[PDB]
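Participant: Fold the following, please.
(2 chains)
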Number of protein chains: 2
Amino acid sequence: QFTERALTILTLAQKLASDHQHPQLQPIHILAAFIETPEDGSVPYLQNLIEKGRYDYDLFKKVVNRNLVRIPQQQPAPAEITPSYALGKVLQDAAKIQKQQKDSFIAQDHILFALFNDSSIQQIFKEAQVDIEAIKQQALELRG
Amino acid sequence: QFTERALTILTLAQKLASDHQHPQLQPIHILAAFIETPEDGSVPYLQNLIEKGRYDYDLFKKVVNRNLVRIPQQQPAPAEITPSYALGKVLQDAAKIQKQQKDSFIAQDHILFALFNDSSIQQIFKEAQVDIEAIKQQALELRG
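Facilitator: Residues are numbered from 1 along each chain as shown, chains lettered A, B, ... in the order given. You can find the structure just below:
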């Protein structure tokens, strides 16, 4: 169903929520997966669909880090309670994307897309459009 | 743009407008383009969505012919003026479908779908090609 890369990004969303002591998984945690590493080679962080597309990766980095700080510290036992409908939908949308893209496996780009398509900055501190075409262009020019 | 399979149908539709010496191309000429000749592989007519959808494609051809004979004029010099705004819409719709499918070219599959969206038989119990949902059920067996 998923590529190893897609599984890595999703898995990181889940484990970052555990490491940050966060309850229900939010779009924020998948965004946390995106900015999980300083490696530029990680498309979700520097050689990004955002950075080479329309917006400063830092804009997004701070959206997420602000949100990760904002979410209160939980008992480790609930730290990653569930993907709920929120991540369920992102993963399902990634599958809808596979169908649209005619892709045999879920790509990390489908997760980037699906998350971005659903997501919006939750606070006034940062703003950015979900520039769907820019993120698709950059995704299409990489790996394949 | 359109590939050769779609272009064949589109070419035939325009030809048919001239075969009937009509000033403009109408949806009926395209439906007539769908049913040109008894060549099985022609998804628009024989190994079609229509039979799979439990409809009689020859009966439908009779419907088409009944509509073709109602074309108001067959005057020579007046013939071949326009593709018509009506089909402008249809071809534009085909382009919309290409976007929906991430397709670099319009296939007969797409041009069929687009007309079907704008097609009709002025009949309650239409003997028309099976409605769009079935069109998708069977059209989606093609390519991918």
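Participant: alpha carbons only for contacts and neighbour counts from here, please
Facilitator: OK.
Participant: Please identify which helix or strand holds whichever residue of chain A sits closest to chain B.
Facilitator: When scored by Cα to the nearest Cα, chain A has residue A:100 as its residue closest to chain B, at 5.5 Å. Assigned by DSSP states H and E, residue A:100 belongs to helix A:84-101.
Participant: so how far is that helix off the chain centroid?
Facilitator: 12 Å (Cα atoms, centre = their mean, to the nearest Å).
Participant: circling back: pretty sure the residue of chain A closest to chain B sits against residue B:100.
Facilitator: Yes. Residue A:100 lies in contact with residue B:100 (Cα atoms under 8 Å); the separation is 7.2 Å.
Participant: Looking at those two, which has the bigger crowd around it?
Facilitator: More crowded of residue A:100 and residue B:100, by other Cα atoms under 10 Å in any protein chain shown: residue A:100, with 15 against 11.
Participant: returning to what we had before: tell me the helix or strand right after the helix holding residue A:100.
Facilitator: Downstream of helix A:84-101 (by DSSP H and E), the next one is helix A:108-118.
Participant: in that following helix, what counts as buried?
Facilitator: If you call a residue buried by 16 or more other Cα atoms under 10 Å in any protein chain shown, then helix A:108-118 has these buried ones: A:108-116.
Participant: anything in contact with each of residue A:100 and residue B:100?
Facilitator: Shared contacts of residue A:100 and residue B:100, defined by Cα atoms under 8 Å, 6 or more residues apart in numbering or on different chains, are absent.
Participant: one step back: how about the residue of chain A closest to chain B: what's its closest non-neighbour residue?
Facilitator: residue B:101 (5.5 Å; Cα to Cα, 6 or more residues apart in numbering or on different chains).
Participant: Neighbours of residue A:41, how many?
Facilitator: 11.
Participant: same question but for residue A:2, I mixed them up
Facilitator: 17.
Participant: how close does the closest residue to it other than its chain neighbours sit to residue A:128?
Facilitator: In this structure, residue A:2 finds its nearest non-sequential neighbour in residue A:106, 4.3 Å apart by Cα to Cα, 6+ apart. Counting by Cα to Cα, to the nearest Å, the gap from residue A:106 to residue A:128 is 25 Å.
Participant: When the two are compared, which one has more neighbours?
Facilitator: Neighbour count, other Cα under 10 Å: between residue A:106 and residue A:128, residue A:106 has more, with 24 against 14.
Participant: need the contact list for the more buried one.
Facilitator: Contacts of residue A:106 (Cα under 8 Å, 6+ apart): A:1-3, A:6, A:94-95, A:98.
Participant: Alright, calling it a day.
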